[PDB]
């Protein structure tokens, strides 16, 4: 339970952020849900309400997490309404696509990619710090296996932003634990959300993709494509001092086993000898 806890979940107007928000709410938390898409943000709110959570325990904020005023709005409204902040979930993120790929992607794409997936995390962390230390709270960042240890050459900026995020999780974890706040992270593998849709893929195509990798053991050993709730459960676990108190500055990989398979292992000996 997170009864009474004030929780801020960035990027909760869809996917992982949404699931996490409903879980926190079902666990008795006062949650600040936010995003840019007003319709989807409303959908998240309705799912929480449908869960039997009173409207006063929900603070929906329409904002761009990369904008200073948007960040301030998210934080100020949660403070005004809940009077404190216990947990910060830096979940908002995306693999920004402009049509280019590989090392040829423009630096402008690099700037925007880092602006969202990294700089915004720094800013939310800095602006939330003082409040988290007054409650001896938590921070849970949402990284990705795209950070490594394998190469993700098709989209280096997104991959490197996450890699930067991981070391930021470790740095802020060791610095902030001094003041009583724990910092950890989750590195998801493939998760069927609106992620590919945001990259430009029609629902029909994103579905085909998630379905394909979810059925190929060399893609996802576990036998199914990740679901938002599966990642949300681990974000919640890491946000629960009572259960994960001894875990500090770590990002637990949740990829159904994807990173445990090499490209060379997709061929079996026999078939190669034929």
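Positions refer to the first chain, counted from 1.
Relative to its counterpart among 262-270 and 15-23, 262-270 has the higher mean temperature factor, C-alpha atoms as listed in the PDB entry. Stretches 236-244 and 201-209 differ in mean C-alpha B factor, with the higher average recorded for 201-209. Per-chain ranking of the deposited C-alpha B factor places residue 134 in the middle third. Residue 107: CA B factor lies in the highest third for its chain, per the PDB record. Split the chain's modelled residues into thirds by C-alpha temperature factor. Residue 84 is in the middle one. Among all modelled residues in this chain, the alpha-carbon of residue 196 has a temperature factor (C-alpha) in the highest third. In the PDB entry, residue 61 places in the highest third of its chain by CA B-factor.
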